[PDB]
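Since the structure comes first, as structure tokens, the remarks are kept for the end.
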Amino acid sequence: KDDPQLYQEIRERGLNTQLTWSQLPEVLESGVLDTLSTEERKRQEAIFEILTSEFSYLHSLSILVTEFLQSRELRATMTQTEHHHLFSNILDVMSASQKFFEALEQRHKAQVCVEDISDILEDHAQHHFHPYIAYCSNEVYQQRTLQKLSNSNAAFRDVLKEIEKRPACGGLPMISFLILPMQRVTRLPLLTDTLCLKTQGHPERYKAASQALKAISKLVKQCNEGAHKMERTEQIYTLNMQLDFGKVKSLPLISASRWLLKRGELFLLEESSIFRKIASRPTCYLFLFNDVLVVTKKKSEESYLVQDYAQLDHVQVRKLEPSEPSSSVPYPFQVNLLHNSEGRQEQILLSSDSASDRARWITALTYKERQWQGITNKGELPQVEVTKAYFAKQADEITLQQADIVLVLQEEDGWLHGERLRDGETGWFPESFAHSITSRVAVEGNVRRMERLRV
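Here the sequence shown stands for residues 214 to 230, 264 to 571, 580 to 709, numbered as in full-length UniProt numbering.
Here you go:
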């Protein structure tokens, strides 16, 4: 009943709208298989899928702990700090998962038909899944650590190749294992939701099922918040140091309430782009926070001199129209400071170099404007499912687990601007990583699911 499968490549039946509980020997021997409703059947199948899935996940965790964390040859290529960050508290995450699995196994063993699993769900989501928060909070660090190690450490690469060629990995890369606790936990509220769907015939148990859905959704949210707070806080301190407000009215950068939305260098335009040259082109670095746009000129890789700023309440952006009838300026747009750092108005004409940069800038700059558009008519939006998991590389991008359902808000030049079904998180990510959902059955059910998961 326990033949291993790596969770990386399993997709639960509980998520949408080869061993089964119907085929279990003790059920095929209790003969209760004819005397039961078509619905109590699907409820027992859901409880069993949570146990089967958690088993595959726990197995995949222990593969990660024995082949790569405990590798002496891998740890020899690193610092003790690099190792700490690369693996985080995966031991504590695993220990939690197994205590969770042991409680679930007990129930399945005691009765052919489980009364309920809802109490275990809620208990563990409130009092034992804290290591998940910590793991999710330090993803920023592990990814960062995994990057430099991948870029600047050849011994690391070689030893990693060799660990990955081993059989227990299944040829899957180390990263596929590190992101496993995030994948698992973000699927848990969906499975607990399936359990709620199949506990409607019963009044008292549906109570506990909804209890547990609330608790597990709070846990996943606490994880998402830990991740955001970690990145946003270090970003604000780092940028506060790097930005020079010497030559403008001082603006204090540090808030509990502030974070970065997008950043990048853009080329400066004159009103008349006609004598423009394509060499020694003037530049403008922009830091757009959630409440303020800051215009700077990059003097160093780690020093930016501030030239202007404006609360985003007072910033307008427009794509610029190509000149009327010769080769003219690529991908232009205009930024209007309505009330800038000196109370005046101001215009900045910029050129990005991709259709997608301009799109991402104009989307970011209308962050305050676009609030209603996403919420008003959600069922109308195309749905898409992510095939490969994606870790976010910029402030505007989004981190996506496998099988995440994403409503699409925009599409330009190989990049999708989307809203995740489960949490409502938004951002950009490349088209390569997702496939269009086409069935109206799915789309509809997934939107109903969205509203029932949301508070």
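In this text, a Cβ means the ideal position worked out from N, Cα and C, and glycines have one as well.
Grouping DSSP H, G and I as helix and E and B as strand, with all else coil, what is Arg706?
-> helix
CB of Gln429 within 7 Å of CB of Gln290, strictly | no
Taking all protein chains shown into account, decide if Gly277 is buried (16 or more other Cβ within 10 angstroms of its Cβ) or exposed.
-> exposed
Integer-rounded CB distance, given that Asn384 should sit under 8 Å from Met476 | 7 Å
Using the Cα positions of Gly672 and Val561, report the straight-line distance between them to the nearest angstrom.
-> 23 Å
According to DSSP, which residues form a beta bridge with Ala556?
-> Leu539
Given 8 Å, three or more beta-carbon pairs between the segment 447-462 and the segment 431-438 | yes
Cβ of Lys460 within 7 Å of any chain B Cβ = Considering every chain present, this structure includes no chain B. It has just one protein chain.
Got a sec? Which residues, its chain only, sit under 6 Å from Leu310 by beta carbon, not counting five neighbours each side?
-> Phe423
Counting only the same chain and skipping the five closest in sequence on each side, list residues whose C-beta sits under 8 Å from that of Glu516.
-> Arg522 and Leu603
Which residues in the same chain have their Cβ closer than 7 Å to the Cβ of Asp537, if we skip the five residues on either side of it in sequence?
-> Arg504, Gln557 and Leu558
With DSSP run on the structure shown, which of helix, strand or coil describes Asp490?
-> strand
For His330, the first and last residue of its enclosing alpha helix (DSSP H) = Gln326 to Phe333
Looking only at C-alpha atoms, which of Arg676, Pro584, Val360 and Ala688 sits nearest to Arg706?
-> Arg676
Helix, strand or coil for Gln316 per DSSP?
-> coil
Looking at the unbroken beta strand (DSSP E) that takes in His373, where does it start and where does it end?
-> Segment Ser364 to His373 is the alpha helix (DSSP H) holding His373; no beta strand (DSSP E) there.
Where do the N-terminal and C-terminal ends of the alpha helix (DSSP H) with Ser306 fall, by residue?
-> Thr284 to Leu310
Output the boundary residues of the alpha helix (DSSP H) element that contains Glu666.
-> First-last for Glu666: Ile659 to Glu666, but that is the beta strand (DSSP E), not the alpha helix (DSSP H).
What residues in its chain sit with their C-beta under 8 Å from that of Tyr220, if we drop five residues either side in the sequence?
-> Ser299, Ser302, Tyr303, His305, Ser306, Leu426, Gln429 and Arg430
Output the distance between the C-alpha atoms of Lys394 and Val660, rounded to the nearest integer angstrom.
-> 30 Å
What are the boundary residues of the beta strand (DSSP E) that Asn590 is part of?
-> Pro586 to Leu591
Top-ranked residue by Cα proximity to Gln457, from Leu367, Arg614 and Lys565 = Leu367
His474 to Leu506, Cα distance in whole Å?
-> 11 Å
Any idea what DSSP makes of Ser501, helix, strand or coil?
-> coil
Report the residue ranges of all alpha helix (DSSP H) runs contained in full by the segment 415-502; include only those spanning at least 4 residues, in chain order.
-> 420-424, 426-443 and 449-488
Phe346, DSSP secondary structure in three states = helix
Look at the alpha carbon of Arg624 and the alpha carbon of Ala609, and state the distance between them as a whole number of angstroms.
-> 20 Å
Would you check if the distance between the CB atom of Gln388 and the CB atom of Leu315 is smaller than 7 Å?
-> no
Nearest neighbour of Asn590, chosen from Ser526, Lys411, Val541 and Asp215 [CA to CA] = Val541
Beta carbon of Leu350 nearer than 7 Å to that of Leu297 | yes
Rounded to the nearest angstrom, how far is the Cβ of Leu534 from that of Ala618, given a contact under 8 Å?
-> 5 Å
Between the CA atoms of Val339 and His689 - distance to the nearest angstrom = 31 Å
So what does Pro684 bridge to, in DSSP terms?
-> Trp669
What is the residue span of the alpha helix (DSSP H) that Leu406 lies within?
-> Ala400 to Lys411
Simplified DSSP state of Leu551, which is helix, strand or coil | strand
Can you check whether the CB of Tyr550 is closer than 7 Å to the CB of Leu489?
-> yes
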